[PDB]
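Enquirer: following this: a sequence and the matching experimental structure.
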Amino acid sequence: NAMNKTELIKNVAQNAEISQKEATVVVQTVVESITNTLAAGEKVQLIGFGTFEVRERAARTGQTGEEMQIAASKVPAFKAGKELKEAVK
Amino acid sequence: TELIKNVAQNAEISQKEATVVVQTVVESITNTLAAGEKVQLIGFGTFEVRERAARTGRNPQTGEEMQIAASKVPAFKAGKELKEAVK
């Protein structure tokens, strides 16, 4: 089935033929790196894969009927590259 | 390449090995997504494949019928920990 964090680490250890601990260090690093880049408002390309950035948002309007005004916000965003789009289709 | 720098630094290996190792991460994730399954990362977020069935629609120009093809879109859902850092 699916692949959680612990599953991914163990698949990286197996496939890169490094150890359980090294694999943990690398995946933890990928996670923390992207988080630290986006928190800084910056962009990060993980090539073969895609791009992570911060996407500025302004107010949509937007189930009682109501068009409440939702506030402007920064959210995270991922832009899949060509390789990822071709693997998955 | 700041990312590859953090890996070489935190794992204590060559930039070239950090390359290779990061490629492996990209591939598992890509392979799971390619199989229709999800990749779920505690305290970061989830990747998944947004599947949409063939539909028959309507040409916006002519009111004439229009097949709309099936699709498969790679998606990422950020979790709370990532959303909050970003705001």
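Expert: Arrived safely, thanks for sending. Numbering: from 1, shown residues only, chains lettered A, B, ... in the order given.
Enquirer: next, count neighbours for residue A:27.
Expert: Residue A:27: 23 surrounding residues under other CB atoms under 10 Å in any protein chain shown. Every residue, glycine included, has its C-beta placed from N, CA and C.
Enquirer: host element of it?
Expert: helix A:20-39 (DSSP states H and E).
Enquirer: remind me what that helix packs against, helices and strands.
Expert: helix A:5-16, strand A:44-46, strand A:50-57, helix B:2-11, helix B:15-34, helix B:80-86 (3 or more CB pairs under 8 Å, 6 or more residues apart in numbering or on different chains; DSSP states H and E).
Enquirer: ok and it relative to strand A:50-57, angle-wise?
Expert: 30 degrees (axes from the mean of the first three to the mean of the last three CA atoms, to 10 degrees).
Enquirer: can you mark which positions in helix A:20-39 are buried?
Expert: A:22-27, A:29-31, A:33-35, A:37-38 (16 or more other CB atoms under 10 Å in any protein chain shown).
Enquirer: contacting residues for residue A:35?
Expert: B:44, B:81-82, B:85 (CB atoms under 8 Å, 6 or more residues apart in numbering or on different chains).
Enquirer: neighbours around the residue nearest to residue A:41 when sequence neighbours are not counted, how many?
Expert: Excluding the flanking residues, the one nearest residue A:41 by CB to CB, 6 or more residues apart in numbering or on different chains is residue A:54, at 5.5 Å. Number of residues near residue A:54 (other CB under 10 Å) recorded here: 19.
Enquirer: now residue A:11
Expert: 20.
Enquirer: re earlier: just to check, the residue nearest to residue A:41 is in contact with residue A:38?
Expert: Yes: at 5.3 Å, residue A:54 and residue A:38 qualify as touching, with contact defined as CB atoms under 8 Å.
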